[PDB]
There are 4 protein chains.
Amino acid sequence: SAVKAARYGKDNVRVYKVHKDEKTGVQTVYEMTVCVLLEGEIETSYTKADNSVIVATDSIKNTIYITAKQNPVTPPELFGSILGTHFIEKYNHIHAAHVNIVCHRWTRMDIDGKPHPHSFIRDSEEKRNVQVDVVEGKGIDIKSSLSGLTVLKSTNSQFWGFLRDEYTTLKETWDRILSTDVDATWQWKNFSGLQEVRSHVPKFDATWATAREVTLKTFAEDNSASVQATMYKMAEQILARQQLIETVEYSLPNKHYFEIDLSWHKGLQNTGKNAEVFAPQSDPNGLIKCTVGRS
Amino acid sequence: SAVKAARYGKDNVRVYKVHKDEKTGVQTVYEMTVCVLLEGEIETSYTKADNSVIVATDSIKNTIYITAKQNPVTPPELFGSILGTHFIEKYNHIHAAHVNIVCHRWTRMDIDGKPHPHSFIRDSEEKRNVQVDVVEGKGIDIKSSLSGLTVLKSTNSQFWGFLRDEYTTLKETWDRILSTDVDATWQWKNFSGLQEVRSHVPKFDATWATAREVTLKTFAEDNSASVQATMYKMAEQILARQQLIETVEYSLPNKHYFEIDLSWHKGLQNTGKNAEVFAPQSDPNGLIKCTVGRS
Amino acid sequence: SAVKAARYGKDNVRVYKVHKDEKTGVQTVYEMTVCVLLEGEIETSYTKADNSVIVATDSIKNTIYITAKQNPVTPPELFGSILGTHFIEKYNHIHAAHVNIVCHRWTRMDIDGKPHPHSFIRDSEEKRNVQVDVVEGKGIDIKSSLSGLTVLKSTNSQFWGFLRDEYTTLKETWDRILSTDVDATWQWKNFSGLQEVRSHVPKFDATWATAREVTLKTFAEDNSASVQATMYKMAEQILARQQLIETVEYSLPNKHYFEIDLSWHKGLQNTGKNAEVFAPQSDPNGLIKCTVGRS
Amino acid sequence: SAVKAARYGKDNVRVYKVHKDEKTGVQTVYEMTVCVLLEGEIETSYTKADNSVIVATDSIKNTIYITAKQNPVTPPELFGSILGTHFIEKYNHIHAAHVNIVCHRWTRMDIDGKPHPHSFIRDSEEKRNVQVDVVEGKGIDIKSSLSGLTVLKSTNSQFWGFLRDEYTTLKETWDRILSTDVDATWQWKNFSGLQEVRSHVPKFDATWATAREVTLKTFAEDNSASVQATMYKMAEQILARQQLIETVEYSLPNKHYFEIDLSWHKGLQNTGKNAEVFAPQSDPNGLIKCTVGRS
Ligand SMILES: O=c1[nH]c(=O)c2nn[nH]c2[nH]1
Ligand SMILES: O=c1[nH]c(=O)c2nn[nH]c2[nH]1
Ligand SMILES: O=c1[nH]c(=O)c2nn[nH]c2[nH]1
Ligand SMILES: O=c1[nH]c(=O)c2nn[nH]c2[nH]1
Ligand SMILES: [Ar]
Ligand SMILES: [Ar]
Ligand SMILES: [Ar]
Ligand SMILES: [Ar]
Ligand code: NA
Ligand code: NA
Ligand code: NA
Ligand code: NA
């Protein structure tokens, strides 16, 4: 037997950082969960019990906190690139670092219509994520994403004209509920190293904001023919607005809300145009994916 | 052996309702999870296999959907009172109905600064809940609550002057992070029946909004001496603003964020006034409760 | 406003203890999650910012570990009674301690048919729990429970003869699937103090084992007329086998498995006697409770 | 913009099947969660709102139940291969089917030392999984796995001799707790089609049992030098016992249990050889992966 692939590190490292403006007294908080996995010349830890090649996972944990103390933690594309580069520069035998960051929302409170200097609310479990792969001699690959964005529209969704055969019971419809949790990922052009990531720092927050805005507006305004057709419109617009993105990937569950026939009870009308009360289905769910790139 | 207490019914009943304004084209959605448990003269179903006294849990489920079709589902205090009253009026041998409603957020989307007519976002897992106990000859007891409201302040929290003995390691502090998930419950005066609940319908949404606003403003503005002292200030203000509330109960976890001593690494200063990077603790957590009533 | 009720302490305190037999080399592990809440003369911490009455929740955490170091942690009824008694004896102004323990399974591994001296498996998320209330001048109240015991029987469950009215769609059945998660609680006679709890130590593990065995055998062997009727048979037998129990409470969800009509597809027969494939329902669920005590 | 990749289908499809032996009266239950995603000539559903190429996800759901009615559901490698092959044979424009099955434990109850004919218990959240990729003209790729197998050993784990630098605080140890959740995947040789999968049916359950037994025995008996070294020993033995496996992948969290220094309290000794009480850490955790193949 031989080691074909190996990676190891520390997962679920919770980090909070506060920034304190001395002039204004305004405080800004950042909270993330970080995972770092390393690869390189480490096969002998597996095959020969040679721990000399192991950077302890405990040390990786320490490194994350020290890196967050000495560097900006925002945008997360930059922090992830700094953290990944650290490992491949510090350790001769480590050739790749894989950094995953989940950013948690701490939104400044408005009290009596003014922004509060040091109070925050978690407005939704929506996350902003990055995946940074730093590979010796192959630069920095960044995938940025938003996840956990849960939306519903109560009309202006259709689904008709699909394949009908002896397995099909689904009725065509010209008016349904559409609800999903949005997972959207945009993959940047490969960066040569940290200097090039730093040169594009302003684009990261701006592209996240664009991706979010395009997703919400397209969902709200499209007279949707299908999840497939609406999601492609979202992806097309993101690629048009940021030339440094190579691909956009969406993964959307179709969270079903079923009509309830109440006609057995005193002829109560609750289907088609009369539908008011619906049964949200926990499972099963549709799952629709696509990856959109340039011509 | 004897049956001392028995209750049965249906839990986890997901319900969606849409309201469609024909004039404006504006649609409003409501989504809840409902539990109904019944009590009454049902001991023989347990002791003698006498199913004739059982209103099937499946029928309770049907009743929830039929009730939501024929009545307003907001405010939830009213819907719960209608649903509970139905069971004790329809079934001679059922003497109490216990209704629990969890309301899920569907917040109308703003697209290009205008409210969208039929598109919604789940802005946070905060819930609005009711517990309604309808008891034949004892009226309607309503407990209203908000839960899942997660906040953090990065300064203006202290904790000093506590009991110190041979079990104590905790250092006194004049500046810490305070973070909690708020669970707040206000218990209404007993209502004689549905007519009296209907007479107070406007107070329900208004009192929920007051409870929320008082909680957020007090948290943000109090130079907190302890969770105990801040929560009592919240409860005192709610009781002052709504005379029909008898008691206010708060249950607050103290979600700890620990300083990280980095002085072992090149004398890096990250404690006391120099603290920037902290380790959020998943567990354990403080848990602080109190119930506040009138003199 | 006045404080009507207050309690505070530490939740989610994870504890592991190992016992090492020096003679045999056999090691035994215990892992629990502990919550301690205190009550007493503490209102001024809420009303006056008087922290002098607060035993810090951090100190409660330390006390749990010190108590586990110096005492047996099994049976959990005994450990909980020791921990609760500590607080009301050590602190003059603390008059009640509320201890909740969840015990996690670590079952010794069998390797090549022999018990392994120091290796363990988590065989199921079933828990053994205690609730201990130690109240100055009112002794020690213990509720023991098992929870998370998930079972299914594929036949020998019926449900017919229930109330039928204009809300009823459910068909009577003489053969269905019955599946539940068992939550069973037995409440001990009040104990005068720690000496009396110690005098009954052997009864705690024995009664837990009896409750488990009665639950499994009754579920498996009863030709069930309803969840109500089967659960009462369980409770009756536990009360008959342990005279120091006052009450037995069961809380059982009815986790539904629905027949799937496939007759639309090439007349495939999958209902009634021909039913082979079923759709497990995540929600809603029936919820059936009862408390059984002595004549 | 162009569609680079697309797949869609139905997730979270819960299925139960019962087998009834007419001779013995013995019943055997199977419960799984199934996901099917399709790929093929479907880009126009995304780009042109052409639903004619869409096999509705609702129809995929129906197909899963019909397939389970007409075929064995065990071993899951066989059921997954039948289900995937169905789609690429029935639909000219579908060229790949991706089937994921999670099998849930329903273990027959022993009542009074005899196996019960129709009663089952969920003994642990351990799963048996398959991933089946059926690709027109490229055969059937099967990955089998077990997941959710949670173990702990209280001694006979070491970790010393790792890299020490200015980021390192971790002390070397010759005696620690090792606890993990095992995720183990074995990848079969490519199969030409369903006839070849059928020819190897007995190997699937046997290889699952071997993988489980090797994992448990190696964990229990290895005087572990590291997670890395123990996991490689597991992988080496599976590859030696089943020639039709190409690779074995393990993913192991290192769930930390920390010593608690109690020496501040009356000089209590609870570290090194005196350690009895430990604090289980929820996060962070080590994460160690490797893929082992043949020379
Ligand atoms: O088994 C281990 N492997 C590692 O890579 C490691 N790092 N810290 N502790 C560890 N334990
Ligand atoms: O066992 C049962 N008890 C009930 O109360 C019930 N209601 N519907 N189905 C049921 N099954
Ligand atoms: O606000 C607080 N209240 C308490 O009771 C406490 N105990 N430790 N820390 C604490 N913080
Ligand atoms: O938008 C949809 N896409 C699909 O592929 C589908 N299948 N069933 N319903 C559906 N809705
Ligand atoms: Ar969509
Ligand atoms: Ar607070
Ligand atoms: Ar039962
Ligand atoms: Ar291991
Ligand atoms: Na390197
Ligand atoms: Na009545
Ligand atoms: Na006392
Ligand atoms: Na095909």
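Note that chain A carries Swiss-Prot numbering, so the residues on display, from first to last, are 2-296.
Determined by X-ray crystallography, 1.6 Å, according to the entry header.
Backbone N, Cα and C define each Cβ position, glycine as well.
Per Swiss-Prot, active site, charge relay system is recorded for A:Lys11 (among others). Cβ neighbour count for A:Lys11 (active site, charge relay system) (all protein chains, 10 Å cutoff from its Cβ): 25.
If you take the C-beta of A:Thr58 (active site, charge relay system) and look for same-chain residues 6 or more apart in sequence within under 8 angstroms, you find A:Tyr9, A:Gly10, A:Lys11. Secondary structure from DSSP puts A:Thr58 (active site, charge relay system) in a helix. If you look up Swiss-Prot, you'll see A:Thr58 (among others) marked as active site, charge relay system, on the strength of experimental evidence.
In the three-state DSSP reading, A:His257 (active site, charge relay system) counts as coil. The active site, charge relay system annotation in Swiss-Prot covers A:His257 (among others) and is backed by experimental evidence.
According to Swiss-Prot, the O2 binding site annotation covers A:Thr58, A:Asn255. Every protein chain shown contributes to the tally, and the Cβ of A:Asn255 (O2 binding site) ends up with 22 other Cβ atoms within 10 Å.
Swiss-Prot lists A:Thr58, A:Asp59, A:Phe160, A:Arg177, A:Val228, A:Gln229, A:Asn255 with the feature urate binding site, giving a large-scale study or a structure entry as the kind of evidence.
Counting only same-chain residues six or more apart in sequence, the Cβ atoms lying under 8 angstroms from the Cβ of A:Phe160 (urate binding site) belong to A:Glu173, A:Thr174, A:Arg177, A:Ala226, A:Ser227. The feature 5-hydroxyisourate binding site is assigned by Swiss-Prot to A:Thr58, A:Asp59, A:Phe160, A:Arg177, A:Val228, A:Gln229, A:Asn255.
Cβ contacts within 10 Å of A:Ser2 (N-acetylserine), excluding its own Cβ and spanning all protein chains shown: 17. Taken from Swiss-Prot, the feature N-acetylserine applies to A:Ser2.
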Comparing the Cα of A:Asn255 (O2 binding site) with the Cα atoms of the recorded positions A:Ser2, A:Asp59, A:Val228, A:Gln229, the shortest distance belongs to A:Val228
As a whole number of Å, the Cα atom of A:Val228 (urate binding site) is distant from the Cα atom of A:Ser2 (N-acetylserine) by 46
The correct three-state DSSP answer for A:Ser2 (N-acetylserine) is coil
A Cβ under 8 Å from chain D is found, among the recorded positions A:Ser2, A:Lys11, A:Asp59, A:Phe160, A:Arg177, A:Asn255, for A:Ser2, A:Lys11, A:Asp59, A:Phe160, A:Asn255
Of all C-alpha pairs drawn from the urate-binding set A:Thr58, A:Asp59, A:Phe160, A:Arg177, A:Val228, A:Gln229, A:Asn255, the farthest apart lie at a distance in Å of 52
Spacing of the two Cα atoms, A:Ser2 (N-acetylserine) and A:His257 (active site, charge relay system), in whole angstrom, works out to 48
Cβ contacts within 10 Å for A:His257 (active site, charge relay system), all chains included, total 20
Cβ density check for A:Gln229 (urate binding site), other Cβ within 10 Å (all protein chains) comes to 28
Expected list for ligand 4 (Cβ under 6 angstroms, recorded positions A:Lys11, A:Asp59, A:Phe160, A:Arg177, A:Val228, A:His257) reads A:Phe160, A:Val228
A:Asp59 (urate binding site), Cβ-centred 10 Å count of other Cβ atoms over all protein chains shown, is 20
One finds that other Cβ atoms within 10 Å of the Cβ of A:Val228 (urate binding site) number exactly 25
